[PDB]
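Here is the naming used below: chain letters follow the sequence lines, and residue numbers restart at 1 for every chain. Whatever order the structure lists ligands and atoms in, that order sets their numbers, starting from 1.
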Amino acid sequence: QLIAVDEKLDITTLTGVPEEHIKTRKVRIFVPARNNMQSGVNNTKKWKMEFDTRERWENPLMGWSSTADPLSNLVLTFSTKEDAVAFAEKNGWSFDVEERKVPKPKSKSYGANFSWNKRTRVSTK
Amino acid sequence: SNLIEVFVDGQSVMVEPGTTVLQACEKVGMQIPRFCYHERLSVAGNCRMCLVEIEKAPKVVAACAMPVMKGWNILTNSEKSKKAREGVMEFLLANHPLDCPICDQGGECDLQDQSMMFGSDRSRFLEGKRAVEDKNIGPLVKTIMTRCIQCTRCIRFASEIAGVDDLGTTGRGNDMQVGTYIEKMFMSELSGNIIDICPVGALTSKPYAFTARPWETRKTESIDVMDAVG
Amino acid sequence: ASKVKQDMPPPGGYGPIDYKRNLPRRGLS
Amino acid sequence: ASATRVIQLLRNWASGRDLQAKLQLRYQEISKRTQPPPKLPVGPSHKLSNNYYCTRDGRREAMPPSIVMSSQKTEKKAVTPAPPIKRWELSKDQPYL
Amino acid sequence: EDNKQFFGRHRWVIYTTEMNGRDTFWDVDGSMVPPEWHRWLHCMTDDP
Amino acid sequence: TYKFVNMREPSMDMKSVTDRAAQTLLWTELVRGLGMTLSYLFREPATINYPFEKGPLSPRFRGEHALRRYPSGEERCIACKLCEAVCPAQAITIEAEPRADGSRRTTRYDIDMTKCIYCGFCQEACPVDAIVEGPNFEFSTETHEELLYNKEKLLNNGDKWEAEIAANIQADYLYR
Amino acid sequence: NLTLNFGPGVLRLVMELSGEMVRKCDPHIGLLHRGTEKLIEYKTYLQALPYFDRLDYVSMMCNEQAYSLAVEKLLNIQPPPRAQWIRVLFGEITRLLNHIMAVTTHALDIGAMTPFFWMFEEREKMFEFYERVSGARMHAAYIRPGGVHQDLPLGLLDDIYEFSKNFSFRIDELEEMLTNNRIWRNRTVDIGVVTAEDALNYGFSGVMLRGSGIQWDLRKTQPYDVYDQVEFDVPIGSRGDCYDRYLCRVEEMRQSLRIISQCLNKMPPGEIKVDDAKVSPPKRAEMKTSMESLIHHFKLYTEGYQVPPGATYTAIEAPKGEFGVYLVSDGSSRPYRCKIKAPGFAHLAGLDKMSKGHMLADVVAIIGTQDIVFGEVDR
Amino acid sequence: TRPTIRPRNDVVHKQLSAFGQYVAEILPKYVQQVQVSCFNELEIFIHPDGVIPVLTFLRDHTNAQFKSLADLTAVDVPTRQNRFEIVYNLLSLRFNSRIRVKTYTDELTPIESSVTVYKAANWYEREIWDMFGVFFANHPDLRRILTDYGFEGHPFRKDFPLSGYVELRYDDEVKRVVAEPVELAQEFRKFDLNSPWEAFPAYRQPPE
Amino acid sequence: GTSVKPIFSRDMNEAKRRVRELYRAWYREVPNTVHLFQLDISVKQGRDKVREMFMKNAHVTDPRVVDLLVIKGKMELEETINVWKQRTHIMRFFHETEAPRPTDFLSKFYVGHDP
Amino acid sequence: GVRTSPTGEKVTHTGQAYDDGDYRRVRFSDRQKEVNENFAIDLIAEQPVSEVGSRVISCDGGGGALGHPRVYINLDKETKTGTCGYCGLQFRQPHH
Amino acid sequence: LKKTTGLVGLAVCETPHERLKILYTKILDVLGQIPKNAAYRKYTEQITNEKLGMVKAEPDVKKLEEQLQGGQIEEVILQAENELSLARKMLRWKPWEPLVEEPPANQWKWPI
Ligand code: SF4
Ligand code: SF4
Ligand code: SF4
Ligand code: SF4
Ligand code: FES
Ligand SMILES: [Mg+2]
Ligand SMILES: [Zn+2]
C-alpha cells in the first residue's frame with residue numbers, strides 16, 4: 001500500500017509557473033526587522049519569504065508605476081525557518097536564509113540614575 | 001544559581017536579580033505598553049503606561065522601573081491593570097491635538113496603536129486643549145510640540161547617546177515644555193535618531209515631510225555605504 | 001434641549017396591508 | 001389619474017378589479033423631497049461615567065475553541081447533536097391555497 | 001412643473017436652442033442643465 | 001407554520017366536470033388573460049420623457065467624483081491618503097509634498113474611473129470633506145483615456161458642481 | 001444521438017440528444033469567474049464587503065447580511081435592534097426584487113413577456129428605496145458588519161408603506177396572467193420533478209427543497225437578527241415540479257409583504273451601528289471634535305479592525321436558497337480565507353439529473369426554475 | 001455583558017460537546033480531535049483514511065443523520081507539511097444542527113472522492129481540483145470547472161500571484177485572441193497594514 | 001522509510017507505460033485536431049509540439065508526479081477532442097505573437113536589467 | 001494664478017509643464033490641456049489675518065461639523081502668525 | 001389510511017409496524033456480529049431497543065409517530081433502512097480499532 005520511494009520532493013512541473021520565474025528568481029527567507037518608528041514587536045514573530053525586486057518604470061500616460069514581473073507582491077508566512085526552507089526547495093526556488101535577530105537582554109537599574117561616583121548619574125530627568 | 005522564580009499570569013519563569021517586571025513579562029512573550037521606556041535609554045518612569053497589578057498587592061507598579069521580587073505573580077491582563085491603562089491613555093489624549101490626517105506619524109504612531117489596543121474608544125473631555133509654540137532645531141528635525149507627550153526620550157538620548165546636553169524641560173505642571181529655551185540647532189551626527197525614538201509626530205523628518213504613508217512603503221533590508229561601519 | 005427626531009412609524013401604526021391572493025370568479029355556469 | 005369615466009369602467013370590467021383604489025403610478029401621496037433635519041440619538045455607550053471599555057469589549061471575550069477528546073493526550077446513554085425538531089403547524093390563517 | 005402628473009412627469013425642462021457654441025435646436029442632452037436646476041429637476045430638493 | 005400551494009382536490013360531481021369541460025372547450029381562462037392585457041392597454045403608461053424629464057434621485061446619490069475647497073478658495077484636501085488607503089479597487093493614486101508656503105497639499109491626485117466601483121468609501125473616509133461623489137451621472141465618453149481623471153479634472157468638477165454638492169451635503173450631513 | 005454545444009445570463013451547455021429526448025446535459029461554467037475569493041484575501045473586511053453585492057447581483061442586500069453576520073460572529077459583537085429591524089425589512093424587500101426577477105424571467109423565457117414590464121416598474125420603485133437609503137440603486141454596500149451605514153431618511157417608511165399596500169394587486173395581475181393559464185401549466189406541470197431524498201442528497205436548498213414537500217426554512221429553523229419576532233407562513237409544494245416552485249415563489253412574495261408590514265409597524269428607535277468605535281466608525285462630528293474618535297476613524301479606515309482568529313460557517317435563508325460563507329480569520333484585519341457557498345452551484349450541478357428524459361425546450365424551464373444567477377455560481 | 005456584546009448559549013455548547021464526544025467514541029479509528037468554538041460550532045478533525053466512513057456515519061446514523069452537504073472546500077496553509085486542509089460542512093434537518101469535518105492532504109496524496117456519500121460533492125471536489133490541485137480518487141469525471149481551458153496552475157494556492165502569469169488580448173496579425181505574459185500599466189499597490197502591539201492576549205503563542 | 005500512498009502507479013515502469021499510452025493517444029489525435037480546428041500548422045509540426053511538451057517533463061523521477069502529469073495531459077486531450085477548446089487555445093502552444101527572447105549575455109545586458 | 005511656459009503651455013498649480021523636447025506634448029494637439037485656473041495658494045494668501053486678543057485660538061474651518069477637525073493654535077511667537085494646519089487661515093495677537 | 005405523505009418519492013406504507021419490527025430485528029442481528037466492547041454496537045443497540053419497544057407497545061400509528069419523535073412513519077422506516085446499511089458497512093470498516101496514526105506535529109495549529 002506504500003511505495004517507499006527515496007527522492008527529494010519536486011513539484012515544479014505541476015505548479016504551472018513559467019520557466020524563467022523558477023530558475024532566475026532568488027527568494028529571501030527572513031524574520032522582518034522591527035519598524036524603528038514604533039516599539040511594538042508583534043510584527044517580528046513569523047518568518048517571511050519574498051522574491052527579488054525587479055524593474056519598475058513609469059507609465060507614459062498618467063506617470064503610474066508599471067511592472068512586468070508577476071511575483072512582485074508575493075510574500076509568504078511561515079512558522080519556522082525549516083518550513084520556509086522546505087517550501088522553497090520543493091518549489092525549486094533558490095533561496096537566501098537570514099538568521100533571526102533577537103534583541104539581547106539588558107541590565108536596567110533605575111537607581112543607577114542617581115549614582116554616587118559612576119558616570120551613569122543623569123543631569124536631568 | 002542566582003536565578004529567582006517569578007510568575008507571569010501564573011506561569012513560572014526564572015529571572016536574574018535586578019530584572020524588572022517589564023523584562024519578566026518580555027521573557028514570556030507579553031509586551032507591556034510603554035511610552036517613556038526605551039531599552040537603550042535610562043529608566044524614566046513618567047508616562048505611567050506600564051502600570052500593572054501584582055497579585056495580593058493593592059497598588060499597581062510601574063513595570064519599566066520596578067525590580068521583580070521572588071514569588072510575585074504579575075497579572076498583565078487583570079481588570080486593575082486594564083483600567084490603569086485606560087486612565088493613562090485618557091490623560092495622554094486629553095490635550096493631544098486632532099492632527100492625525102496632517103501628522104506624518106499617522107500609520108506609524110505608538111500613541112494611535114496603543115490607544116486602539118489598550119485605551120478607550122471615546123472621549124469625555126469637554127474642555128479646551130493647550131497649544132505650545134514650535135521650536136527650531138535645524139533643517140533635519142521638524143518640530144511640532146503640541147503633539148509632544150513629554151516622555152523625555154529625546155532628552156535622554158541627547159544626553160546619554162549623543163553626548164549633547166542642549167535639550168531639556170522648562171516650566172512646571174501642564175505648561176512644562178520640551179526644548180532648548182534659546183534659539184539653537186541640535187546639530188550632531190546622531191541628531192536624526194530622535195525622530196525614531198519620539199513615539200509621536202512631535203519630532204519628524206523634515207525632508208521626508210508629507211511625502212508618504214507607512215502602509216504604502218516597501219521595505220528593503222540593506223546596508224549603508226556612507227562609511228565603513230556597515 | 002431638542003428631542004430626538006428619526007424616521008419612525010406614525011402613532012397607532014400603519015393601516016393594514018393586503019397580501020392574500022385575490023382571483024375573483026366572474027360567474028357563469 | 002386623468003382618465004375618463006368610461007375608460008375607467010372599461011378597464012375595471014376588463015381586469016375584473018377596481019383599479020382606482022390601488023394605482024401603480026405615484027402621486028401627491030408620496031413624501032416631500034425636502035424634509036426637516038433629523039436628530040439621530042446616541043447609543044448606550046455615550047455615558048460619562050461607569051463606562052470603562054474593558055467591561056464592554058466583545059472582541060476580547062473571544063477565546064480559542066474548547067477542546068474535547070484530544071487524541072494525543074458507566075451507563076453512557078446515547079446522545080444526539082440537538083433535540084429532534086418539532087413538526088410544524090398548519091397555518092390557521094390560510095392553510096390551503 | 002405640473003403637480004397633477006405622476007411622479008417623474010411632474011417637472012420638465014424645455015432646452016435652449018443655442019448653448020455655449022452649438023446649435024442645440026435638435027441636439028439636446030441631459031448635461032446642458034446647470035447644477036442648481038439639476039438638483040431641482042432630479043427631485044433632490046423641492047425648492048427651485 | 002406552513003402552507004400548501006397545490007393541495008386542492010377537484011370536485012367530481014357532474015356540474016363541476018361540466019364547468020371544467022366548458023373551460024377546456026370555450027377557452028375561458030385565456031379570455032380572462034386577454035381581458036387583463038386589454039385593461040392594461042387603457043391605463044396611463046409609466047414612461048417618462050427623457051431627457052426632458054429625469055428619474056428621481058436622493059441627496060445621498062453618488063455620482064462623478066469632485067474635489068471641494070473652502071469658501072476662501074483653498075482646497076480642502078490635505079493629502080492624508082485615507083481615501084487612497086480605503087479604496088476597495090485601488091482606484092486612487094496620490095502624491096504629496098510641502099507647498100511653497102509650507103502647506104500639506106497634493107501634487108498628484110488621480111482617480112481611475114474605469115477601476116472605480118462608486119462605493120463612496122472615499123468620501124466617508126475623508127476627514128475634511130475634500131473628496132465627494134457628486135450628483136452628476138451623465139459623463140459618458142468616446143475614449144478610455146478621458147476617464148482617467150487627474151487632479152485638475154477633479155478640481156474643475158468641484159468648481160463646476162459645488163453649488164449642488166454643498167446643497168446635498170447640507171441636506172444629508174446630519175445623518176453622517 | 002446528436003451533440004449540440006449551445007454556447008454564449010451567460011451559459012454554455014453541451015447536450016447529447018436521442019431524437020427529441022435530452023440524454024445528457026453538461027453545463028460548462030466559469031465564463032464569469034473573476035476570482036472573488038482570492039481577491040478578498042488582499043482586502044480588509046470593510047474593503048471585502050462590496051464583493052458580496054456583486055456575488056448574487058439580483059439580491060444584493062441579502063449577501064451583505066450574510067457576510068455581516070459571519071464577521072459579527074467572529075467579532076463576538078451584536079448589532080443594535082434598530083439595525084436588525086432595518087436589515088430584515090430590506091432583506092424582505094430584496095426577496096421581492098429577486099422573486100420578481102426570477103418569476104418574470106422564467107415567464108419571459110417561456111415566451112410570456114408582459115409581466116416582465118409590469119413588475120419591473122415595481123422593481124424600479126424598490127431601486128428607488130435602495131438609492132434613497134444608500135445612494136446606489138443596486139450595488140448598495142448598506143449592510144455592514146456592525147449594523148447599517150446610515151439611518152433611514154425622515155420620509156422613507158411612509159413611502160415604503162405606500163408602495164407595499166398596492167403590490168398585492170400586482171401579484172394578483174401576474175397570477176391572472178400565469179397561474180391558471182393552460183399553456184403555462186403545460187409548460188411547467190410535471191417538468192423537472194425531483195424527489196425529497198434526491199434534493200437532500202444533491203445539496204439543494206430553499207424552494208428547490210420546499211417544492212418537494214420538505215418543511216425547511218432557515219428563517220424558521222435557524223433564525224438570525226429578528227426573524228423570530230415576525231410571523232409568516234412557509235409555502236410548501238406537493239409534486240416537486242416547476243409549477244409548484246412557481247406557486248411557492250408567488251406565495252413567498254405575499255409572505256414577504258406580510259413580514260414587511262410587521263417590520264414597518266414595529267421599527268424601534270435607537271442607534272444604527274454598534275456603539276463600539278473599535279469596530280464601527282464614529283460619527284463625523286465626533287471624529288472632528290474628539291481625539292479618540294479621530295484616532296479610531298483613522299485606524300478603522302486605514303488598517304481596519306482586527307478579527308480574532310477562528311473559522312465560522314454562517315448561512316442565511318437567501319431568496320435563491322441557503323447562502324453561506326466559510327470565513328477564516330488569522331487574527332489580522334484581512335481575512336485569511338473566504339469561501340462563498342452559493343445555492344445555484346448545487347442547483348446547476350443537479351440540472352443534469354433534473355432534465356433526464358425531457359424535451360430540449362424543457363431545459364429552459366428547468367434552468368428558469370432553478371433560479372440561476374451566474375455571478376454567484378462562478379464567483 | 002452589555003448590549004454591544006454577542007450573547008452566549010451554554011445549552012447548545014453542552015449539546016455540541018456531548019455529541020462530539022459521542023462521535024469520537026464511536027469512531028476512534030479516524031477521529032484525531034474534537035473542538036467546539038465559543039460561538040457554538042462543532043468541528044471534528046479526522047485522518048484522511050476516514051473520509052468515506054465518517055461522512056457515511058454522519059449521514060446514516062439514526063442519532064446523527066446529517067443528510068445535507070452545505071459546502072466542501074479547501075484551505076491552503078504553506079507552512080504545514082500537509083499543505084491543504086479539506087473542510088466538509090454538513091447539516092442535519094432532523095436535529096436542526098450543523099457539523100464540520102476537517103482532514104488534510106499534500107500536493108501528491110489523493111483524497112477519496114465522496115460522491116457516493118453526497119452527490120453534491122461532485123462539483124465541489126472539481127472546484128477544489130481546479131483551485132488547489134488536490135486530486136480526488138474515483139471521481140466520476142474530474143476536470144477544471146472554473147478556469148479557462150488550458151489554464152496552467154491553481155490560482156487559490158497562496159504562492160500563486162494575484163494577477164497570474166498570462167493575460168489575453170486580440171491580435172490582428174493572427175486575427176485571434178492571444179495570451180502573453182502579464183504587464184500592468186499600474187502595479188497593484190501592496191499595503192502593509194498589520195500593526196505591532198498585538199490585539200488579542202487570549203491567542204498569544206508561547207515564545208519557544 | 002519515506003513511504004507514501006500511490007496515485008496510480010507503484011513504480012516508474014507503470015508510470016512510463018501510462019506515459020506511452022497518453023503519447024499514443026495524442027499522436028493519433030493530432031491530424032484530426034489539425035483538420036477540425038482549421039489550423040494553418042502542419043501535422044508534422046503539431047506532433048513536434050506534442051513531442052516537445054512531453055520532453056519538457058523528461059527529468060521527473062517521481063512516479064506520483066509522473067501520473068499527475070499524465071492525468072493533466074489526459075484532461076488536456078479530453079478538452080481538445082471534445083472541441084471544448086477553441087482555435088486560440090490550441091494555438092497558445094506556439095506563442096506566435098511573442099517576439100523571441102535572446103539568451104546570450106550581451107543581448108540581455110543591452111535590453112535591460114532582467115537576467 | 002496660471003502662468004505660461006516658454007513653449008506655450010499653461011503651467012498648472014503643481015508647476016508641471018512638458019519640456020521643449022518632450023514628445024508627450026503630442027497628446028495635446030487638436031485638443032486642450034486641462035488646467036485649473038483657481039490656484040489655492042494665491043487664494044488663501046488673500047485672506048486677511050484675524051486679530052484675536054487670546055493666547056490660544058481654536059479653528060475648525062467654519063461651518064461647524066462641515067469643516068475640518070478642531071485644532072488649537074498658539075500665538076506666543078510675535079515674529080510670525082499662527083496658521084491652521086488644515087485650512088490655512090492666519091491668526092495674530094494685537095501687537096502694540 | 002392516509003395518502004400522500006407529502007414528500008415527493010416517499011410512498012405511503014401500509015402496515016408499517018411489521019416493517020419496522022423486521023428492520024429493527026435485522027439491525028440487531030447485524031449488530032450482534034460487532035465486538036461487544038465497540039461503542040457503535042452498544043449505542044445502536046440501545047437506540048434500536050428503545051425504538052422497537054416503543055413500536056411494540058403502541059398500535060395506533062399517530063401515537064407511534066408522536067412517541068418516536070421522527071414523524072411520518074415512512075421516513076422512520078427509511079431511517080431504519082439507512083441504519084441497517086450503515087451497520088453492515090461499519091461491520092466491514094471496523095472503526096472501533098485504535099487510531100491509524102497521529103497527524104504531524106502542528107497539523108491543526110491555528111493561527112499559523
Ligand atoms: S502623533 Fe499620533 S495621535 Fe498624535 S496626531 Fe500624529 S498620528 Fe495622531
Ligand atoms: S518631543 Fe517626542 S521624544 Fe521628546 S519628550 Fe516630546 S514626545 Fe518625548
Ligand atoms: S467610490 Fe469607492 S472605488 Fe471609487 S474611488 Fe471612492 S473608494 Fe475608490
Ligand atoms: S481627499 Fe480627503 S481622504 Fe483623500 S487624501 Fe485628501 S484629505 Fe485625505
Ligand atoms: S513605560 Fe514605565 S512609566 Fe513609562
Ligand atoms: Mg516621531
Ligand atoms: Zn482652519
Side-chain angles (χ1 to χ4, degrees), chain A residues 37-38, chain B residues 35 89 92-93 95-116 119 129 144-149 151 198-204 210 213-214, chain F residues 62-69 75-96 104-134 149 151 154-155 158, chain G residues 43 46-47 49-50 135-136 139 141 287 291-299 301-302, chain J residues 68-69 71 85-87:
Chain A
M37 303 300 270
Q38 289 175 278
Chain B
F35 283 105
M89 190 56 74
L92 278 168
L93 288 188
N95 282 300
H96 201 67
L98 270 77
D99 279 355
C100 287
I102 58 169
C103 183
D104 266 327
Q105 201 130 359
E108 263 167 346
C109 196
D110 269 336
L111 187 57
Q112 273 195 7
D113 285 327
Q114 275 170 107
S115 159
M116 299 279 327
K129 306 169 171 289
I144 301 186
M145 296 315 288
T146 299
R147 300 171 190 163
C148 174
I149 61 172
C151 72
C198 188
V200 289
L203 306 178
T204 48
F210 312 153
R213 280 300 192 195
Chain F
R62 12 175 161 141
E64 197 182 22
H65 295 71
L67 282 170
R68 307 179 54 228
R69 48 177 93 228
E75 47 207 356
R76 286 175 172 256
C77 183
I78 45 69
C80 75
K81 296 158 138 83
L82 262 56
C83 59
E84 189 184 8
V86 80
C87 188
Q90 293 215 340
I92 307 171
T93 316
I94 299 179
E95 269 167 35
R104 186 186 164 114
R105 302 297 155 169
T106 45
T107 62
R108 166 202 295 280
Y109 192 102
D110 306 326
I111 303 192
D112 190 343
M113 300 298 267
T114 63
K115 280 200 270 199
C116 177
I117 73 172
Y118 302 83
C119 63
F121 284 10
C122 47
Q123 77 175 343
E124 74 204 17
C126 192
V128 297
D129 308 6
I131 184 67
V132 299
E133 208 157 0
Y149 289 5
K151 194 188 177 179
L154 291 154
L155 277 182
Chain G
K43 321 281 180 186
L46 177 61
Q47 278 184 322
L49 166 83
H139 279 336
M287 173 258 294
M291 186 78 244
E292 283 90 330
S293 306
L294 183 66
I295 285 174
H296 281 78
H297 173 99
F298 188 107
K299 289 307 283 183
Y301 278 108
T302 53
Chain J
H68 64 70
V71 291
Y86 287 90
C87 156

**Request:** Give a yes or no answer on whether the side chain of G:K299 reaches the backbone of B:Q112 with a donor-acceptor pair at less than 3.5 Å.
**Result:** no
**Prompt:** Do the side chain of F:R69 and the main chain of F:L155 share a donor and acceptor less than 3.5 angstrom apart?
**Reply:** no
**Which residue and heavy atom of the protein sit nearest atom 2 (Fe) of ligand 4, plus the separation** = F:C126 SG, 2.3 Å
**Prompt:** Atom SG in B:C198, atom CD1 in B:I149: separation rounded to 0.5 Å?
**Reply:** 7.5 Å
**Prompt:** Got the closest protein heavy atom to atom 8 (Fe) of ligand 4, with its distance?
**Reply:** F:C80 SG, 2.3 Å
**Asked** Do F:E84 side-chain atoms and F:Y109 backbone N/O form a donor-acceptor pair below 3.5 Å?
**Response** no
**Request:** Hey, could you give me the NE2/CE distance between B:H96 and G:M291, rounded to the nearest 0.5 Å?
**Result:** 5.0 Å
**Asked** With a 4.0 Å cut-off on heavy atoms, does F:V86 reach ligand 3?
**Response** no
**Prompt:** Is there side-chain contact between B:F210 and F:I78, with at least one heavy-atom pair below 4.5 Å?
**Reply:** no
**Request:** Could you tell me whether the side chain of F:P127 reaches within less than 4.5 Å of the side chain of G:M287, counting heavy atoms only?
**Result:** yes
**Which of the ligand 4 atoms, numbered from 1, are nearer than 4.0 Å to a heavy atom of F:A130** = 1 (S), 2 (Fe)
**Asked** Should you measure from each heavy atom of F:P88, which atoms of ligand 3 turn up under 4.0 Å away?
**Response** 2 (Fe), 7 (S)
**Item:** Approximate separation, where rounding is to 0.5 Å, of F:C116 SG and F:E133 CD
**Value:** 6.0 Å
**Complete:** If we number the atoms of ligand 1 from 1 as shown, the ones under 4.0 Å from a heavy atom of B:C103 are 1 (S), 5 (S), 6 (Fe), 7 (S)
**For ligand 4, the portion of F:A125 having any non-hydrogen atom under 4.0 Å away** = neither
**Message:** With respect to atom 6 (Fe) of ligand 3, please indicate if F:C122 possesses an N, O or S atom at a distance under 2.8 Å.
**Reply:** yes
**Message:** Using a 4.0 Å cut-off to any heavy atom of B:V200, which atoms of ligand 1 qualify?
**Reply:** 1 (S)
**Prompt:** atom 3 (S) of ligand 1: which protein heavy atom is closest, and how many Å away?
**Reply:** B:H96 NE2, 3.4 Å
**Prompt:** Which atoms of ligand 1 are found less than 4.0 Å from any heavy atom of B:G106?
**Reply:** 7 (S)
**Prompt:** N/O/S atom of F:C87 under 2.8 Å from atom 8 (Fe) of ligand 3, yes or no?
**Reply:** yes
**Prompt:** Which ligand 1 atoms are under 4.0 Å away from a heavy-atom of B:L111?
**Reply:** 3 (S)
**Complete:** Smallest heavy-atom separation, B:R147 atom then B:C103 atom, equals NH1-SG, 3.5 Å
**Prompt:** Under 4.5 Å between any side-chain heavy atoms of B:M89 and B:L111, yes or no?
**Reply:** yes
**Atom indices of ligand 1 within 4.0 angstrom of B:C109 heavy atoms, with elements** = 1 (S), 2 (Fe), 3 (S), 7 (S)
**Asked** Heavy-atom contact under 4.0 Å between F:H65 and ligand 3?
**Response** yes
**Per-atom contacts, ligand 3 versus F:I92 - under 4.0 Å to a heavy atom** = 5 (S)
**Request:** Report, in ascending order of atom number, the atoms of ligand 4 lying under 4.0 Å from any heavy atom of F:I131.
**Result:** 1 (S)
**Request:** Kindly assign one of parallel, tilted or perpendicular to the pair F:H65 and F:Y118, based on the angle between their ring planes and the thresholds 30° and 60°.
**Result:** tilted
**Prompt:** Under 3.5 Å, is there a donor-acceptor pair between the side chain of G:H297 and the main chain of F:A125?
**Reply:** yes
**Item:** Contact atoms of ligand 4, heavy-atom distance to F:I78 under 4.0 Å
**Value:** 7 (S)
**Request:** Mark up the atoms of ligand 4 that fall under 4.0 Å of a heavy atom belonging to F:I94, in ascending order.
**Result:** 5 (S)
**Prompt:** Which of the atoms in ligand 1, numbered in the order shown and given with their element, are less than 4.0 Å from a heavy-atom of B:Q105?
**Reply:** 7 (S)
**Fill in**
Within 4.0 Å of some non-hydrogen atom of F:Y118, the atoms of ligand 3 are 1 (S), 4 (Fe)
**Prompt:** For atom 5 (S) of ligand 4, which protein heavy atom lies nearest, and how many Å away is it?
**Reply:** F:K81 N, 3.1 Å
**Asked** How close do F:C126 and F:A130 get, heavy atom to heavy atom, and via which atoms?
**Response** SG-N, 3.1 Å
**Request:** Check ligand 4 against F:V128 and write out every atom of the ligand that is under 4.0 Å from a heavy-atom position of the residue.
**Result:** 7 (S)
**For atom 4 (Fe) of ligand 4, closest protein heavy-atom neighbour** = F:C83 SG, 2.3 Å
**Asked** Taking non-hydrogen atoms only, is B:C100 closer than 4.0 angstrom to ligand 1 via side chain, backbone, both or neither?
**Response** both
**Request:** For the residue pair F:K151 and F:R108, establish whether any side-chain heavy-atom pair is separated by less than 4.5 Å.
**Result:** no
**Prompt:** With a 4.0 Å cut-off, would you call B:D104 and F:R104 a salt bridge?
**Reply:** yes
**Message:** Can a donor-acceptor pair be found, under 3.5 Å and without considering hydrogens, that links the side chain of B:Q114 to the backbone of B:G119?
**Reply:** no
**Prompt:** Got the closest protein heavy atom to atom 6 (Fe) of ligand 4, with its distance?
**Reply:** F:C77 SG, 2.3 Å
**Protein heavy atom at shortest distance from atom 1 (S) of ligand 3** = F:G120 N, 3.1 Å
